[PDB]
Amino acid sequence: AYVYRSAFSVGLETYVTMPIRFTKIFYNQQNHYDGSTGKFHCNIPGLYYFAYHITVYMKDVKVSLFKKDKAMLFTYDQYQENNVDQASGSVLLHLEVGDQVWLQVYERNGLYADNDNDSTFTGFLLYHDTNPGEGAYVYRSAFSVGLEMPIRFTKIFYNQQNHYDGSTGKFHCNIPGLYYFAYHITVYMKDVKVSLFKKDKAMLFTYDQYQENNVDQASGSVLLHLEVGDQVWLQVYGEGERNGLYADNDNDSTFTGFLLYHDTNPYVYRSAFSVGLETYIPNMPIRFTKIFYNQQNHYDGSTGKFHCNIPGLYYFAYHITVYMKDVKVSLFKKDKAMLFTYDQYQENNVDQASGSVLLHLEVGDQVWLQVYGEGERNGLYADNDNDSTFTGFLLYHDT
């Protein structure tokens, strides 16, 4: 079976004030990301997932994701002195051969990256368009919606199967399998506390505190196996009306999901894990023990390490609640820290920090998350209704 690959994952090496030219190449094997322009070129029509994560320092940041010269998605994060922030966004977009996609500052150019600080930008082909009707059928169930009881997202980035109901805010599973979900909320005016529901219960929680003159960005993502007829949605969670979700002409709060691996009987290549902290050790892997998904057992709870058992391209994402103390983590691959994520903590201001990257892995490769340096910046937080999560999945197996 031919595998359709087109993916890139890059980072800033310099912060600069125009398309943002990422020049740190995590992955770009098809060479479909052009480093001299910062633009991704579509060579294969289909449904593409894009995600970015920016270190906010010194000055506010506002960026927009462009698809062939139109602003599709906006992400705003205000900076306060002595308070480094983390802003992210993600969305599905269907692309035609020729479409180009990039990121630029919507000044608010507070993007930052140096020798131990990353701002990254990643995209991959999820579903290629199935010529009429050639080769491998593709199982599709996906949605990507934005804000304009379940939270009713009405702005439609993608809903081609209509498995998401815009009048109720609910996604309905029509195809049994492993689903990925992600959200990104701009926090303004009031605190934001949300919860990802599955059927009838809160699976995941994300809290982000709002201080005056400090718009924030909060995100979450998880892997959930679904059976036909059960649904998923995002609901404001708490008892203090933590509903400071925001959106306007050029500010988004989004909710995205997609079938990753469909269920089969006796071939699909599956290697995935999604785990969370159940509370809060220097120079050692952070051990996430709450298990959302770990079907192949490729993630080892007892060591906190992911082991590659199928060579190919992997996507990793994490989301961390920042409380009481600065948080800085490094993503390791095979005893080398690949990616760094820093988020300062200010009193009475819980924060949300995240990163995600594509990494090609071979047999023996281990991936894990570790607190940075001497392990001092360990303000990671989790409890009965606050999450810090680590997720990874096999995207394309080597052929």
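So that there is no doubt, residue numbering starts at 1 and follows the sequence shown.
A.B. asks: Report, from the record, the number of residues in the deposited sequence between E148 and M149 that have no coordinates, as none, 1 to 3, 4 to 9, or 10 or more.
C.D. replies: The entry has 4 to 9 unmodelled residues between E148 and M149.
A.B. asks: In this entry, is the chain continuous from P132 to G133, or are deposited residues missing in between (none, 1 to 3, 4 to 9, 10 or more)?
C.D. replies: None; the chain is continuous from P132 to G133.
A.B. asks: Look up the CA B-factors in the entry and say which stretch, 288-296 or 177-185, has the higher mean.
C.D. replies: Between 177-185 and 288-296, it is 288-296.
A.B. asks: May I ask you to compare 197-205 and 247-255 by their mean CA B factor in the entry and name the higher one?
C.D. replies: Comparing 197-205 with 247-255, the higher mean C-alpha B-factor belongs to 197-205.
A.B. asks: Pick out which of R108, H262, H319, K328 has the highest C-alpha B-factor in the PDB entry.
C.D. replies: That would be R108, according to the entry.
A.B. asks: Of the choices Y323, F306, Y280, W102, which one's C-alpha carries the largest B-factor in the record?
C.D. replies: In this record, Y280 carries the highest C-alpha B-factor of the candidates.
A.B. asks: Where does the C-alpha B-factor of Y267 rank in its chain, lowest, middle or highest third?
C.D. replies: It falls in the top third of the chain.
A.B. asks: Please place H360 in the lowest, middle or highest third of its chain by C-alpha B factor as given in the entry.
C.D. replies: Lowest third, going by the recorded CA B-factors of the chain.
A.B. asks: For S90, does the deposited CA B-factor place it in the lowest, middle or highest third of the chain?
C.D. replies: Within its chain, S90 is a lowest-third residue by C-alpha B-factor, going by the deposited values.
A.B. asks: Can you work out whether the C-alpha temperature factor of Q29 puts it in the lowest, middle or highest third of the chain?
C.D. replies: It belongs to the middle third of the chain when residues are ordered by C-alpha B-factor.
A.B. asks: Looking at the temperature factor on the CA atom of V16, which third of the chain's modelled residues does it land in?
C.D. replies: Tercile = highest for this residue's CA B-factor.
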